[PDB]
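Shown next: work.pdb, given as PDB, C-alpha atoms and all ligand atoms.
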```pdb
ATOM      1  CA  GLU A   2    -109.882   2.784 -91.637
ATOM      2  CA  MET A   3    -107.803   2.173 -88.369
ATOM      3  CA  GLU A   4    -105.057   1.046 -90.758
ATOM      4  CA  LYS A   5    -104.807   4.352 -92.664
ATOM      5  CA  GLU A   6    -104.902   6.120 -89.260
ATOM      6  CA  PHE A   7    -102.141   3.835 -88.047
ATOM      7  CA  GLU A   8    -100.055   5.007 -91.021
ATOM      8  CA  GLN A   9    -100.737   8.739 -90.439
ATOM      9  CA  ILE A  10     -99.849   8.279 -86.733
ATOM     10  CA  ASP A  11     -96.699   6.427 -87.442
ATOM     11  CA  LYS A  12     -95.707   8.754 -90.303
ATOM     12  CA  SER A  13     -96.202  11.916 -88.182
ATOM     13  CA  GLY A  14     -94.705  10.188 -85.143
ATOM     14  CA  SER A  15     -97.556  11.186 -82.879
ATOM     15  CA  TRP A  16     -98.538   8.195 -80.809
ATOM     16  CA  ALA A  17     -97.666  10.292 -77.679
ATOM     17  CA  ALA A  18    -100.042  13.164 -78.554
ATOM     18  CA  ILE A  19    -102.826  10.732 -79.556
ATOM     19  CA  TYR A  20    -102.422   8.852 -76.298
ATOM     20  CA  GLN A  21    -102.301  12.145 -74.256
ATOM     21  CA  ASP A  22    -105.446  13.260 -76.035
ATOM     22  CA  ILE A  23    -107.160  10.089 -74.712
ATOM     23  CA  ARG A  24    -105.826  10.645 -71.168
ATOM     24  CA  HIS A  25    -107.124  14.253 -71.265
ATOM     25  CA  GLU A  26    -110.613  13.254 -72.389
ATOM     26  CA  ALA A  27    -110.925  10.178 -70.111
ATOM     27  CA  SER A  28    -113.763  10.258 -67.541
ATOM     28  CA  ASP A  29    -113.252  11.285 -63.983
ATOM     29  CA  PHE A  30    -115.657   9.709 -61.566
ATOM     30  CA  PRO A  31    -115.388   9.482 -57.685
ATOM     31  CA  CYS A  32    -113.612   6.619 -55.930
ATOM     32  CA  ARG A  33    -114.667   7.603 -52.424
ATOM     33  CA  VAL A  34    -115.015   3.991 -51.166
ATOM     34  CA  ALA A  35    -111.448   3.142 -52.428
ATOM     35  CA  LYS A  36    -110.174   6.085 -50.490
ATOM     36  CA  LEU A  37    -111.799   5.313 -47.227
ATOM     37  CA  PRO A  38    -109.054   4.945 -44.464
ATOM     38  CA  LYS A  39    -110.065   1.377 -43.703
ATOM     39  CA  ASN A  40    -109.431   0.278 -47.291
ATOM     40  CA  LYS A  41    -105.923   1.646 -47.509
ATOM     41  CA  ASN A  42    -104.242  -1.767 -47.158
ATOM     42  CA  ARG A  43    -106.652  -3.136 -49.853
ATOM     43  CA  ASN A  44    -105.118  -1.001 -52.593
ATOM     44  CA  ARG A  45    -101.789  -1.804 -54.115
ATOM     45  CA  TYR A  46    -101.213   1.600 -55.777
ATOM     46  CA  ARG A  47    -102.328   4.898 -54.313
ATOM     47  CA  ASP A  48    -103.103   6.269 -57.759
ATOM     48  CA  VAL A  49    -105.163   3.246 -59.044
ATOM     49  CA  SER A  50    -108.626   2.909 -57.699
ATOM     50  CA  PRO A  51    -112.023   1.588 -58.802
ATOM     51  CA  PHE A  52    -114.708   4.256 -59.489
ATOM     52  CA  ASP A  53    -117.627   3.968 -57.069
ATOM     53  CA  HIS A  54    -120.128   3.498 -59.826
ATOM     54  CA  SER A  55    -118.506   0.348 -61.329
ATOM     55  CA  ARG A  56    -116.688  -1.215 -58.452
ATOM     56  CA  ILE A  57    -117.262  -4.896 -57.601
ATOM     57  CA  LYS A  58    -118.760  -5.294 -54.155
ATOM     58  CA  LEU A  59    -117.930  -8.395 -52.133
ATOM     59  CA  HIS A  60    -121.065 -10.029 -50.708
ATOM     60  CA  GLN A  61    -119.875  -9.601 -47.168
ATOM     61  CA  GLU A  62    -121.221  -7.219 -44.440
ATOM     62  CA  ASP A  63    -117.851  -6.500 -42.761
ATOM     63  CA  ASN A  64    -116.253  -4.652 -45.667
ATOM     64  CA  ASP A  65    -117.429  -5.167 -49.258
ATOM     65  CA  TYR A  66    -114.426  -3.352 -50.842
ATOM     66  CA  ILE A  67    -112.035  -4.857 -53.408
ATOM     67  CA  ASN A  68    -109.952  -2.926 -55.939
ATOM     68  CA  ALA A  69    -111.882  -4.247 -58.980
ATOM     69  CA  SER A  70    -114.326  -2.924 -61.574
ATOM     70  CA  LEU A  71    -116.928  -4.202 -63.920
ATOM     71  CA  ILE A  72    -116.233  -3.089 -67.512
ATOM     72  CA  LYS A  73    -119.583  -3.654 -69.188
ATOM     73  CA  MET A  74    -119.279  -3.147 -73.011
ATOM     74  CA  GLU A  75    -122.928  -2.644 -74.052
ATOM     75  CA  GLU A  76    -122.703  -2.635 -77.812
ATOM     76  CA  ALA A  77    -120.120  -5.503 -77.894
ATOM     77  CA  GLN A  78    -122.126  -7.479 -75.420
ATOM     78  CA  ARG A  79    -119.047  -8.536 -73.319
ATOM     79  CA  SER A  80    -118.139  -7.696 -69.773
ATOM     80  CA  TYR A  81    -114.844  -8.102 -67.897
ATOM     81  CA  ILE A  82    -113.817  -7.563 -64.289
ATOM     82  CA  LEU A  83    -110.463  -5.717 -64.139
ATOM     83  CA  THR A  84    -108.624  -5.958 -60.831
ATOM     84  CA  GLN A  85    -105.160  -5.387 -59.384
ATOM     85  CA  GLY A  86    -102.684  -8.136 -58.530
ATOM     86  CA  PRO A  87    -104.068  -9.532 -55.196
ATOM     87  CA  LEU A  88    -102.215  -8.292 -52.016
ATOM     88  CA  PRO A  89    -101.171 -10.781 -49.319
ATOM     89  CA  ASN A  90    -104.322  -9.793 -47.365
ATOM     90  CA  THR A  91    -106.814  -9.697 -50.275
ATOM     91  CA  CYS A  92    -106.269 -13.147 -51.880
ATOM     92  CA  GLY A  93    -109.266 -14.380 -49.994
ATOM     93  CA  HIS A  94    -111.337 -11.348 -51.298
ATOM     94  CA  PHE A  95    -110.100 -12.067 -54.884
ATOM     95  CA  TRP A  96    -111.435 -15.730 -54.881
ATOM     96  CA  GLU A  97    -114.558 -14.498 -53.019
ATOM     97  CA  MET A  98    -115.214 -12.217 -56.001
ATOM     98  CA  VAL A  99    -114.449 -14.986 -58.537
ATOM     99  CA  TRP A 100    -116.962 -17.220 -56.714
ATOM    100  CA  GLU A 101    -119.784 -14.647 -56.203
ATOM    101  CA  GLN A 102    -119.382 -13.171 -59.703
ATOM    102  CA  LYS A 103    -119.499 -16.631 -61.277
ATOM    103  CA  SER A 104    -116.494 -16.200 -63.448
ATOM    104  CA  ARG A 105    -115.093 -19.117 -65.308
ATOM    105  CA  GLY A 106    -111.702 -17.676 -66.255
ATOM    106  CA  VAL A 107    -108.947 -15.599 -64.747
ATOM    107  CA  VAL A 108    -106.470 -13.906 -67.115
ATOM    108  CA  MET A 109    -103.130 -13.062 -65.405
ATOM    109  CA  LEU A 110    -100.926 -10.819 -67.602
ATOM    110  CA  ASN A 111     -97.994 -10.252 -65.200
ATOM    111  CA  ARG A 112     -95.422 -12.305 -63.267
ATOM    112  CA  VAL A 113     -95.271 -12.232 -59.415
ATOM    113  CA  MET A 114     -91.824 -10.658 -59.688
ATOM    114  CA  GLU A 115     -91.021  -7.933 -62.245
ATOM    115  CA  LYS A 116     -88.425  -5.217 -62.375
ATOM    116  CA  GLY A 117     -87.024  -6.559 -59.046
ATOM    117  CA  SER A 118     -90.279  -6.043 -57.161
ATOM    118  CA  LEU A 119     -93.204  -8.243 -56.016
ATOM    119  CA  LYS A 120     -95.975  -7.109 -58.368
ATOM    120  CA  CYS A 121     -98.632  -9.534 -57.103
ATOM    121  CA  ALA A 122     -99.245 -12.188 -54.389
ATOM    122  CA  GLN A 123     -98.807 -15.919 -55.166
ATOM    123  CA  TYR A 124    -102.554 -16.274 -54.972
ATOM    124  CA  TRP A 125    -102.982 -19.753 -56.642
ATOM    125  CA  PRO A 126    -101.486 -23.203 -55.685
ATOM    126  CA  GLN A 127     -98.440 -24.333 -57.582
ATOM    127  CA  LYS A 128     -98.743 -28.041 -56.777
ATOM    128  CA  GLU A 129    -101.644 -30.413 -56.676
ATOM    129  CA  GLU A 130    -100.962 -31.670 -53.164
ATOM    130  CA  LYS A 131    -100.510 -28.259 -51.539
ATOM    131  CA  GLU A 132    -103.949 -26.577 -51.835
ATOM    132  CA  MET A 133    -104.711 -23.093 -50.564
ATOM    133  CA  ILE A 134    -107.235 -22.344 -47.934
ATOM    134  CA  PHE A 135    -108.476 -18.824 -47.561
ATOM    135  CA  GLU A 136    -109.895 -18.810 -44.066
ATOM    136  CA  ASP A 137    -111.361 -15.299 -44.034
ATOM    137  CA  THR A 138    -113.654 -16.000 -46.955
ATOM    138  CA  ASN A 139    -113.932 -19.736 -46.348
ATOM    139  CA  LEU A 140    -112.767 -21.066 -49.783
ATOM    140  CA  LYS A 141    -110.344 -23.839 -50.775
ATOM    141  CA  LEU A 142    -108.402 -23.637 -53.992
ATOM    142  CA  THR A 143    -106.681 -26.648 -55.578
ATOM    143  CA  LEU A 144    -104.382 -27.041 -58.621
ATOM    144  CA  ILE A 145    -106.065 -29.712 -60.731
ATOM    145  CA  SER A 146    -103.699 -29.631 -63.675
ATOM    146  CA  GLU A 147    -101.462 -27.235 -65.688
ATOM    147  CA  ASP A 148    -100.603 -26.835 -69.360
ATOM    148  CA  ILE A 149     -97.104 -25.353 -69.570
ATOM    149  CA  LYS A 150     -96.079 -23.337 -73.664
ATOM    150  CA  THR A 151     -93.009 -21.293 -73.722
ATOM    151  CA  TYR A 152     -94.642 -17.956 -73.003
ATOM    152  CA  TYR A 153     -97.955 -18.791 -71.136
ATOM    153  CA  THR A 154     -99.412 -21.462 -68.909
ATOM    154  CA  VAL A 155    -103.075 -22.673 -68.566
ATOM    155  CA  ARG A 156    -104.135 -24.100 -65.188
ATOM    156  CA  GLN A 157    -107.296 -25.782 -64.154
ATOM    157  CA  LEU A 158    -108.021 -24.787 -60.575
ATOM    158  CA  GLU A 159    -110.734 -26.063 -58.324
ATOM    159  CA  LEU A 160    -112.466 -23.628 -56.163
ATOM    160  CA  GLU A 161    -114.436 -25.047 -53.237
ATOM    161  CA  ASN A 162    -116.901 -23.141 -51.155
ATOM    162  CA  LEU A 163    -116.028 -24.800 -47.814
ATOM    163  CA  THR A 164    -119.439 -23.791 -46.304
ATOM    164  CA  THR A 165    -121.716 -25.482 -48.696
ATOM    165  CA  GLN A 166    -119.016 -27.727 -50.117
ATOM    166  CA  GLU A 167    -119.974 -26.607 -53.582
ATOM    167  CA  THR A 168    -117.055 -26.915 -56.068
ATOM    168  CA  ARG A 169    -116.246 -24.829 -59.286
ATOM    169  CA  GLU A 170    -113.695 -25.255 -62.058
ATOM    170  CA  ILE A 171    -111.744 -22.056 -62.857
ATOM    171  CA  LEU A 172    -109.315 -21.775 -65.722
ATOM    172  CA  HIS A 173    -106.232 -19.567 -65.181
ATOM    173  CA  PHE A 174    -104.430 -18.167 -68.189
ATOM    174  CA  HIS A 175    -100.955 -16.862 -67.154
ATOM    175  CA  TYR A 176     -99.118 -14.760 -69.747
ATOM    176  CA  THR A 177     -95.499 -14.704 -68.503
ATOM    177  CA  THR A 178     -93.530 -12.768 -71.216
ATOM    178  CA  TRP A 179     -95.509  -9.475 -71.275
ATOM    179  CA  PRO A 180     -93.280  -6.848 -69.365
ATOM    180  CA  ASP A 181     -94.797  -4.334 -66.985
ATOM    181  CA  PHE A 182     -95.206  -1.013 -68.839
ATOM    182  CA  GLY A 183     -94.388  -3.039 -71.977
ATOM    183  CA  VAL A 184     -95.987  -4.795 -74.933
ATOM    184  CA  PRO A 185     -96.308  -8.489 -76.001
ATOM    185  CA  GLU A 186     -93.370  -9.800 -78.176
ATOM    186  CA  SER A 187     -95.544  -9.726 -81.306
ATOM    187  CA  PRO A 188     -99.131  -9.374 -82.422
ATOM    188  CA  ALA A 189     -99.086 -13.083 -83.217
ATOM    189  CA  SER A 190     -98.134 -14.235 -79.757
ATOM    190  CA  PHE A 191    -100.681 -11.934 -78.083
ATOM    191  CA  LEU A 192    -103.498 -13.001 -80.547
ATOM    192  CA  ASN A 193    -102.600 -16.648 -80.101
ATOM    193  CA  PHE A 194    -102.953 -16.208 -76.265
ATOM    194  CA  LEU A 195    -106.234 -14.196 -76.677
ATOM    195  CA  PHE A 196    -107.715 -16.933 -78.889
ATOM    196  CA  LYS A 197    -106.636 -19.614 -76.296
ATOM    197  CA  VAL A 198    -108.743 -17.684 -73.760
ATOM    198  CA  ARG A 199    -111.680 -17.337 -76.169
ATOM    199  CA  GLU A 200    -111.629 -20.934 -77.196
ATOM    200  CA  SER A 201    -111.690 -22.082 -73.727
ATOM    201  CA  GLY A 202    -115.306 -20.871 -73.296
ATOM    202  CA  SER A 203    -114.423 -18.504 -70.469
ATOM    203  CA  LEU A 204    -115.861 -15.432 -72.279
ATOM    204  CA  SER A 205    -119.070 -17.186 -72.957
ATOM    205  CA  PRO A 206    -122.058 -15.003 -71.717
ATOM    206  CA  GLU A 207    -123.348 -17.993 -69.847
ATOM    207  CA  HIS A 208    -120.523 -17.454 -67.256
ATOM    208  CA  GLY A 209    -119.968 -14.481 -65.069
ATOM    209  CA  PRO A 210    -117.441 -11.872 -66.478
ATOM    210  CA  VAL A 211    -113.861 -13.134 -66.942
ATOM    211  CA  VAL A 212    -111.456 -11.640 -64.392
ATOM    212  CA  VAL A 213    -108.478  -9.880 -66.020
ATOM    213  CA  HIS A 214    -105.540  -8.611 -63.968
ATOM    214  CA  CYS A 215    -101.956  -7.423 -64.259
ATOM    215  CA  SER A 216    -100.198  -5.721 -61.374
ATOM    216  CA  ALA A 217    -102.492  -2.573 -61.261
ATOM    217  CA  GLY A 218    -105.328  -4.007 -63.390
ATOM    218  CA  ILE A 219    -105.085  -1.112 -66.005
ATOM    219  CA  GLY A 220    -102.086  -1.123 -68.371
ATOM    220  CA  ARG A 221    -101.675  -4.687 -69.615
ATOM    221  CA  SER A 222    -105.337  -5.462 -68.764
ATOM    222  CA  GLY A 223    -106.575  -2.445 -70.629
ATOM    223  CA  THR A 224    -104.577  -3.505 -73.688
ATOM    224  CA  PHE A 225    -105.903  -7.059 -73.606
ATOM    225  CA  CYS A 226    -109.544  -5.988 -73.149
ATOM    226  CA  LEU A 227    -109.378  -3.228 -75.816
ATOM    227  CA  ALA A 228    -108.112  -5.604 -78.464
ATOM    228  CA  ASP A 229    -110.737  -8.266 -77.453
ATOM    229  CA  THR A 230    -113.645  -5.857 -77.634
ATOM    230  CA  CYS A 231    -112.617  -4.197 -80.819
ATOM    231  CA  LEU A 232    -112.392  -7.640 -82.473
ATOM    232  CA  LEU A 233    -115.771  -8.647 -81.127
ATOM    233  CA  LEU A 234    -117.400  -5.372 -82.317
ATOM    234  CA  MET A 235    -115.989  -5.925 -85.773
ATOM    235  CA  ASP A 236    -117.192  -9.581 -85.606
ATOM    236  CA  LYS A 237    -120.708  -8.530 -84.810
ATOM    237  CA  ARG A 238    -120.903  -6.246 -87.761
ATOM    238  CA  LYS A 239    -118.348  -7.784 -90.165
ATOM    239  CA  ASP A 240    -117.361  -4.186 -90.712
ATOM    240  CA  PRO A 241    -113.771  -3.323 -89.654
ATOM    241  CA  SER A 242    -114.035   0.310 -90.727
ATOM    242  CA  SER A 243    -116.781   0.952 -88.411
ATOM    243  CA  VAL A 244    -114.584   0.244 -85.395
ATOM    244  CA  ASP A 245    -113.017   3.318 -83.770
ATOM    245  CA  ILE A 246    -110.354   2.001 -81.398
ATOM    246  CA  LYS A 247    -109.808   5.285 -79.428
ATOM    247  CA  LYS A 248    -113.496   5.766 -78.915
ATOM    248  CA  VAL A 249    -113.763   2.090 -77.696
ATOM    249  CA  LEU A 250    -110.935   2.835 -75.228
ATOM    250  CA  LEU A 251    -112.715   5.987 -73.961
ATOM    251  CA  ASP A 252    -115.797   4.018 -73.417
ATOM    252  CA  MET A 253    -113.913   1.417 -71.425
ATOM    253  CA  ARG A 254    -112.277   4.239 -69.383
ATOM    254  CA  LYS A 255    -115.850   5.133 -68.184
ATOM    255  CA  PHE A 256    -115.641   2.016 -66.040
ATOM    256  CA  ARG A 257    -112.046   2.032 -64.794
ATOM    257  CA  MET A 258    -109.258   4.686 -64.845
ATOM    258  CA  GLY A 259    -105.905   4.500 -66.585
ATOM    259  CA  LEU A 260    -106.747   1.688 -69.094
ATOM    260  CA  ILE A 261    -103.621   1.285 -71.329
ATOM    261  CA  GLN A 262    -100.697   2.895 -69.512
ATOM    262  CA  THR A 263     -98.424   3.953 -72.345
ATOM    263  CA  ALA A 264     -98.524   5.171 -75.899
ATOM    264  CA  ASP A 265     -96.779   2.083 -77.220
ATOM    265  CA  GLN A 266     -99.366  -0.196 -75.727
ATOM    266  CA  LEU A 267    -101.968   1.908 -77.690
ATOM    267  CA  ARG A 268     -99.878   1.457 -80.819
ATOM    268  CA  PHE A 269     -99.697  -2.274 -80.036
ATOM    269  CA  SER A 270    -103.531  -2.473 -79.814
ATOM    270  CA  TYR A 271    -103.952  -1.134 -83.280
ATOM    271  CA  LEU A 272    -101.459  -3.754 -84.494
ATOM    272  CA  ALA A 273    -103.304  -6.539 -82.675
ATOM    273  CA  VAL A 274    -106.769  -5.498 -83.909
ATOM    274  CA  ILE A 275    -105.557  -4.895 -87.544
ATOM    275  CA  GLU A 276    -103.953  -8.406 -87.658
ATOM    276  CA  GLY A 277    -106.915  -9.977 -85.806
ATOM    277  CA  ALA A 278    -109.291  -8.485 -88.403
ATOM    278  CA  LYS A 279    -107.919 -11.115 -90.859
ATOM    279  CA  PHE A 280    -109.437 -13.926 -88.761
ATOM    280  CA  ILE A 281    -112.698 -11.998 -88.111
ATOM    281  CA  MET A 282    -113.157 -11.336 -91.729
ATOM    282  CA  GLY A 283    -113.124 -14.981 -92.792
ATOM    283  CA  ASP A 284    -109.578 -16.313 -92.971
ATOM    284  CA  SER A 285    -109.333 -18.642 -90.055
ATOM    285  CA  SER A 286    -105.954 -20.013 -91.339
ATOM    286  CA  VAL A 287    -104.257 -16.927 -89.860
ATOM    287  CA  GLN A 288    -104.982 -18.558 -86.392
ATOM    288  CA  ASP A 289    -102.706 -21.464 -87.222
ATOM    289  CA  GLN A 290    -100.155 -18.989 -88.487
ATOM    290  CA  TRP A 291    -100.275 -17.114 -85.131
ATOM    291  CA  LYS A 292     -99.785 -20.335 -83.298
ATOM    292  CA  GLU A 293     -96.650 -21.233 -85.283
ATOM    293  CA  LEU A 294     -95.272 -17.679 -85.071
ATOM    294  CA  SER A 295     -95.572 -17.553 -81.338
ATOM    295  CA  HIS A 296     -93.465 -20.744 -80.857
ATOM    296  CA  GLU A 297     -95.759 -21.902 -78.263
ATOM    297  CA  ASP A 298     -94.054 -25.331 -77.669
TER     298      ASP A 298
HETATM  299  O1  LIG B 301     -99.434  -4.211 -64.333
HETATM  300  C1  LIG B 301     -99.645  -3.263 -65.321
HETATM  301  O2  LIG B 301     -99.734  -3.573 -66.461
HETATM  302  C2  LIG B 301     -99.930  -1.869 -64.808
HETATM  303  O3  LIG B 301    -100.888  -1.190 -65.253
HETATM  304  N1  LIG B 301     -99.131  -1.539 -63.781
HETATM  305  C3  LIG B 301     -99.053  -0.257 -63.138
HETATM  306  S1  LIG B 301    -100.137   0.990 -63.587
HETATM  307  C4  LIG B 301     -99.355   2.001 -62.329
HETATM  308  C5  LIG B 301     -98.322   1.372 -61.700
HETATM  309  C6  LIG B 301     -98.155   0.020 -62.195
HETATM  310  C7  LIG B 301     -97.144  -0.995 -61.855
HETATM  311  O4  LIG B 301     -97.238  -2.163 -62.127
HETATM  312  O5  LIG B 301     -96.145  -0.455 -61.195
HETATM  313  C8  LIG B 301     -97.572   1.904 -60.511
HETATM  314  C9  LIG B 301     -98.351   3.074 -59.941
HETATM  315  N2  LIG B 301     -98.787   4.007 -61.092
HETATM  316  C10 LIG B 301     -99.714   3.457 -62.107
END
```
Would you write out, as structure tokens, the structure that this file holds?
Ligand SMILES: O=C(O)C(=O)Nc1sc2c(c1C(=O)O)CCNC2
Amino acid sequence: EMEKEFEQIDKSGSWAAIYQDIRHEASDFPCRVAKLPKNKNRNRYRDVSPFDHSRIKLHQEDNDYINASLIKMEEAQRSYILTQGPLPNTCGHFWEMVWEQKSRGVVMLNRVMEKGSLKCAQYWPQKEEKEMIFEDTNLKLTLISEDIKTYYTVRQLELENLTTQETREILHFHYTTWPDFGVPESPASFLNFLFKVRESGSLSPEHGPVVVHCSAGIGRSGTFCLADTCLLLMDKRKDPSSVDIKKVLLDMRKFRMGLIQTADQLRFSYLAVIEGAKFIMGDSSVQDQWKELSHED
């Protein structure tokens, strides 16, 4: 059981060793496209790059590079795209990828400003009447509506391909109280937000992969995706003891580096999956309890 393991870990105080053990074993694949000179201004952090094998390519002939990867979880049957916070020159490339990849949802786990720095571009419109036009990739993006809770906001955005005039509805789920290099305030408020995303349909396999990002696309995003996948794996089998969280994380780290950036975020994932297991295993009433606990209103 993950729960007995949690207890050993905690008792022996060795979250840091455990986490280091994962970092040591994580895969190392080339990121030669990321490191081409021409892409330097497409990467927010010099030490966070997409592997070549899993990177998302833009369907453009000029330069197909974006800092983004496809995390394809075979067994679980779920994929995600993990990407950094768009830069002021790659917001057009971001929405290009959303369009071409056919995603329905975008999960934003950071604020634009954190720890006194600009962690991400303001890449979506904040009022209905001031849409965004991304001229390099020839897309218009409009705020259609927004559901502001205390700790997250859900926006419906309309993405127009200005060439064909085709239009798509994207949902944006903005978690605003999860600190960089930090954890959510409680398992309940994170699980409540995760289940908002699920219930919206955006993780349905009839859509392209959901796009998940934080500032670097690895720490907060890794934590979110690990919890989601572990819960889905246990759902498929109705067998919580078959799920091995660290092994799930190593498999995700085959497709992007650095997933989960600190030992406490690893700790947090166990908490989130252990609590989430209650819902998976047939008490849906816990979902209402999460909602109340997270004071969403
Ligand atoms: O946004 C996150 O959750 C995350 O992984 N952020 C990261 S991972 C990372 C950095 C940051 C950052 O935001 O400064 C700075 C460069 N080193 C690795």
Return as a count of residues only the set of residues that the PyMOL selection byres (((chain A and resi 190) around 9) and not hetatm) yields on the displayed structure.
17
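Nearest-residue note for ligand LIG 301 (chain B): choosing from A:133, A:27, A:233, A:109, the minimum distance belongs to A:109, counting all atoms listed in the file.
For the pair CA of residue 198 in chain A and CA of residue 81 in chain A, the separation is 12.8 Å.
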Taking a cut-off of 6 Å and counting all atoms listed in the file, can you build a table that, for each residue of chain A near ligand LIG 301 (chain B), reports the nearest atom pair and how far apart they are in Å (one decimal), sorted by chain then residue number, as a Markdown table?
```
| residue | atom | partner | partner_atom | distance |
| --- | --- | --- | --- | --- |
| A:46 | CA | B:LIG301 | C9 | 5.3 |
| A:48 | CA | B:LIG301 | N2 | 5.9 |
| A:181 | CA | B:LIG301 | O2 | 5.0 |
| A:182 | CA | B:LIG301 | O2 | 5.7 |
| A:215 | CA | B:LIG301 | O1 | 4.1 |
| A:216 | CA | B:LIG301 | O1 | 3.4 |
| A:217 | CA | B:LIG301 | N1 | 4.3 |
| A:218 | CA | B:LIG301 | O3 | 5.6 |
| A:219 | CA | B:LIG301 | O3 | 4.3 |
| A:220 | CA | B:LIG301 | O3 | 3.3 |
| A:221 | CA | B:LIG301 | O2 | 3.9 |
| A:262 | CA | B:LIG301 | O3 | 5.9 |
```
Got a sec to resolve the PyMOL selection byres (((chain A and resi 70-76) around 6) and not hetatm) on this structure and send the residues as a ChimeraX atom specification?
/A:51,55-57,69,77-83,256
Write the residues of the preceding selection, restricted to C-alpha atoms, as a PDB file, in the coordinates of the input.
```pdb
ATOM      1  CA  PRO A  51    -112.023   1.588 -58.802  1.00  0.00           C
ATOM      2  CA  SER A  55    -118.506   0.348 -61.329  1.00  0.00           C
ATOM      3  CA  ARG A  56    -116.688  -1.215 -58.452  1.00  0.00           C
ATOM      4  CA  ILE A  57    -117.262  -4.896 -57.601  1.00  0.00           C
ATOM      5  CA  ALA A  69    -111.882  -4.247 -58.980  1.00  0.00           C
ATOM      6  CA  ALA A  77    -120.120  -5.503 -77.894  1.00  0.00           C
ATOM      7  CA  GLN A  78    -122.126  -7.479 -75.420  1.00  0.00           C
ATOM      8  CA  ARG A  79    -119.047  -8.536 -73.319  1.00  0.00           C
ATOM      9  CA  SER A  80    -118.139  -7.696 -69.773  1.00  0.00           C
ATOM     10  CA  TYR A  81    -114.844  -8.102 -67.897  1.00  0.00           C
ATOM     11  CA  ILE A  82    -113.817  -7.563 -64.289  1.00  0.00           C
ATOM     12  CA  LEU A  83    -110.463  -5.717 -64.139  1.00  0.00           C
ATOM     13  CA  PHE A 256    -115.641   2.016 -66.040  1.00  0.00           C
TER      14      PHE A 256
END
```
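Our summary of the geometry notes that CA of residue 263 in chain A is positioned 8.3 Å from CA of residue 17 in chain A.
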Would you compute the distance between CA of residue 242 in chain A and CA of residue 9 in chain A? Give it in Å to one decimal.
15.7 Å
Selection in question (the file shown): the PyMOL selection byres (((chain A and resi 92) around 9) and not hetatm). Which residues does it include, as a ChimeraX atom specification?
/A:87-91,93-97,122-125,135
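With distances taken over all atoms listed in the file, A:289 is the one residue among A:265, A:289, A:137, A:167 lying closest to residue 196 in chain A.
Nearest to residue 63 in chain A of all the residues A:28, A:205, A:85, A:138 is A:138, based on only C-alpha atoms.
Summary of the local environment: counting all atoms listed in the file, residues at most 10 Å from residue 283 in chain A, other than itself and those fewer than 4 positions away along its chain, are residues 236, 239, 278, 279 and 287 of chain A.
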Neighbour residues at most 10 Å from (-99.9, 4.5, -79.5) (all atoms listed in the file) as a PyMOL selection string
chain A and resi 7+10-11+14-21+247+261+263-272
With 12 Å as the threshold, what does the neighbourhood of (-118.9, -13.6, -57.8) contain in terms of residues, counting all atoms listed in the file? Coordinates are those of the file; answer as a PyMOL selection string.
chain A and resi 57-61+67+69+71+82+94-106+162+169+208-212
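Closest to residue 170 in chain A among A:183, A:144, A:200, A:227 is A:144, based on only C-alpha atoms.
For the choices A:25, A:120, A:112, A:175, the atom-to-atom distance to residue 197 in chain A is smallest for A:175 when using all atoms listed in the file.
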Would you compute an axis-aligned box for range 178-182 of chain A, covering every atom listed for it in the file with 6 Å of margin on each side, and report centre and edge lengths in Å to one decimal as lines of an AutoDock Vina configuration file?
```
center_x = -94.4
center_y = -6.9
center_z = -69.1
size_x = 14.2
size_y = 23.8
size_z = 16.3
```
Residues near residue 41 in chain A, anyone? I mean within 12 Å using only C-alpha atoms, not counting same-chain ones fewer than 2 positions away, as a tab-separated table (two decimals) with C-alpha atoms, in the frame of the given file.
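Output (part-v7.tsv):
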```tsv
chain	number	residue	atom	x	y	z
A	33	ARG	CA	-114.67	7.60	-52.42
A	34	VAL	CA	-115.02	3.99	-51.17
A	35	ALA	CA	-111.45	3.14	-52.43
A	36	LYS	CA	-110.17	6.08	-50.49
A	37	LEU	CA	-111.80	5.31	-47.23
A	38	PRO	CA	-109.05	4.94	-44.46
A	39	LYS	CA	-110.06	1.38	-43.70
A	43	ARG	CA	-106.65	-3.14	-49.85
A	44	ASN	CA	-105.12	-1.00	-52.59
A	45	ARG	CA	-101.79	-1.80	-54.12
A	46	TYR	CA	-101.21	1.60	-55.78
A	47	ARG	CA	-102.33	4.90	-54.31
A	48	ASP	CA	-103.10	6.27	-57.76
A	49	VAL	CA	-105.16	3.25	-59.04
A	50	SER	CA	-108.63	2.91	-57.70
A	66	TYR	CA	-114.43	-3.35	-50.84
A	67	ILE	CA	-112.04	-4.86	-53.41
A	68	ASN	CA	-109.95	-2.93	-55.94
A	88	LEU	CA	-102.22	-8.29	-52.02
A	90	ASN	CA	-104.32	-9.79	-47.36
A	91	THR	CA	-106.81	-9.70	-50.28
```
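Checking A:258, A:281, A:235, A:246 one by one against residue 53 in chain A, counting only C-alpha atoms, you find the shortest gap at A:258.
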